[PDB]
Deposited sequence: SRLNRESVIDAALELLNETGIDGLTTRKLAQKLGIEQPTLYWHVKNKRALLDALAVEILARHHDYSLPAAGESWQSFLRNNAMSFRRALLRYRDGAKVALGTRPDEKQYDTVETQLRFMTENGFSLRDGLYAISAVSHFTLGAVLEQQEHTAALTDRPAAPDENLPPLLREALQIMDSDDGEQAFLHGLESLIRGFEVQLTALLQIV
């Protein structure tokens, strides 16, 4: 079929959904695109190369809250950013595993530069703003992995039994949204304190 970048990414995202990350292969991608393995090699060198591009394109297609509104608070921006990051990552099977260990792409520079600039213009040192960004990113990544990977007893002590009932009664959105408010409020306590002991 068509082998421009857009079409190779479309097929690679379908395959990721049917098979997951550990069963995504250049052999199986060649099969789905209707082509021979050496035809594929011209366009895509290895699994790593593909994985890097998939991390970028999932957010381009599905991460709609990358940038703060005019007048929006930093707290609100982190809330709306995190929910949109979580949605984009749940959209494909092992989506969060695809995003793991990547660094901003050249095509994300203007966007992530605007994000860091926004945090500094709201009173964070670059280092403290980055610590807040990284903590929201890591918490969200952790929550999506545990949910997604989870999809992949008679003598339960009583509080564990009820806790497992609580977890199994929801997809994880409730625990996620509660955790995010705790994180955002902790950053606020830290920022407002300045040089006071807190």
* Deposited sequence positions missing from the model - stretches, numbered from 1, in order -> 153 to 161
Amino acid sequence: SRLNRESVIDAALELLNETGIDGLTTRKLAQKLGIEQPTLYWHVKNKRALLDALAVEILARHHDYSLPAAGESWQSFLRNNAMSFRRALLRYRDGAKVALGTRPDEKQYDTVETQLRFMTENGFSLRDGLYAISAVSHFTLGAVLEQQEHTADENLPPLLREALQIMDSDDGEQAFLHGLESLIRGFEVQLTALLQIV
From here on, numbers count along this sequence of modelled residues.
* Asked: Got a sec? Mean C-alpha B-factor, which is higher, 135 to 143 or 25 to 33?
  -> 25 to 33
* Asked: Looking only at CA atoms, which has the higher mean B factor in the entry: 175 to 183 or 14 to 22?
  -> 14 to 22
* Structure fact -> Split the chain's modelled residues into thirds by Cα B-factor; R91 lands in the highest
* Pull the Cα B-factor of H43 out of the PDB entry and bin it into the chain's lowest, middle or highest third. => lowest
* **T102 CA temperature factor, ranked by third within the chain** => highest
* Asked: Which third of the chain holds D110 when residues are ordered by C-alpha B factor: lowest, middle or highest?
  -> highest
* **CA B-factor ranking of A49, expressed as a third of its chain** => middle
